[PDB]
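# Architecture and fold: a report
As a plain string of letters, each chain reads:
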Amino acid sequence: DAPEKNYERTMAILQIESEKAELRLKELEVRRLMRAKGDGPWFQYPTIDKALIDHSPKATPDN
Amino acid sequence: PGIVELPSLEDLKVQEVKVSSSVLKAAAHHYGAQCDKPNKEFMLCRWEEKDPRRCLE
């Protein structure tokens, strides 16, 4: 093969792997911050839904 | 937390309907038919604000 072909093939390979590595580091930091703060869509442990609440007037007023 | 609130004993004093339960049970239907308006106002307010301190008058 031509030296130019190997040169530009290597540059394309290096760009792809650098992008993947930076994305992996971003994923790790995102996971840590999401677990610590809890506000993202991940690590959202479910709680009790509020459609199971009876809102009718009950038989005793003090409730 | 907060100091709980309570009306004074002069606000709770009232003349009492001092009759037995048989007097109430005998004339229950006439009492329900004749005095519906203040009874139902009291019941609506007592069920609405859920507080006996605000439902005294």
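Here we summarise the structure given alongside this text. (Residues numbered from 1 in each chain as written, not as in the entry; some residues may be left out. Chains lettered and ligands numbered in written order. Part of a larger assembly, values for the part shown. Heavy atoms only, no water.)

Bringing the overall build of chain B into the picture now. Counting its regular elements, chain B contains three helices and zero strands. Reading the helices (α) and strands (β) of chain B from amino to carboxyl end gives α-α-α. Its C-alpha radius of gyration of 15 Å places chain B more than 25% over the 10 Å reference for a compact globule of 57 residues. Projecting the C-alpha coordinates of chain B onto the three principal axes gives extents of approximately 50 × 25 × 15 Å. Expressed as a percentage of the 57 residues in chain B, the buried residues total 7%. Accessible surface, chain B: about 5,600 Å² in total, of which carbon and sulfur atoms supply 59%. Placing the 9 positive and 10 negative side-chain charges of chain B at their respective mean positions leaves the two points 6 Å apart. (Helix = DSSP H or I, 4+ residues; strand = E, 2+ residues; numbered from the N terminus. Rg over C-alpha atoms; globule rule 2.2 N^0.38 Å. Buried < 20%, exposed > 50% of the residue type's maximum accessible area, 1.4 Å probe, protein only. Areas by Shrake-Rupley, 256 points an atom, 1.4 Å probe, with all protein chains shown as cover. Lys, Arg positive; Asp, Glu negative; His and termini not counted. Charge placed at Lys NZ, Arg CZ, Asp CG, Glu CD.)

Residue and element names in this part refer to chain B. Checked against the element boundaries, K25 lands in helix α1 (residues 21-26). Of the residues examined, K25 reaches a relative accessible area of 69% and is grouped as exposed. For the pair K25 and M43, spaced 18 residues apart in the sequence, the C-alpha separation amounts to 19 Å.

In the structure shown here, the tally under the stated rule is eight salt bridges over all chains. Put simply, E27 of chain A and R31 of chain A hold a salt bridge, and the shortest N to O gap is 3.0 Å. Of the two residues, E27 of chain A and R31 of chain A are both situated in helix α1 (residues 3-37); the distance of four residues between them amounts to about one turn of the helix. When its relative accessible area of 37% is taken as the criterion, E27 of chain A is described as partly exposed. Where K13 of chain B meets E10 of chain B, a salt bridge forms, and the shortest distance between an N and an O atom there is 3.3 Å. An identical accessibility class is assigned to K13 of chain B and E10 of chain B; each is exposed. (Salt bridge = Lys/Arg side-chain N within 4 Å of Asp/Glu carboxyl O.)

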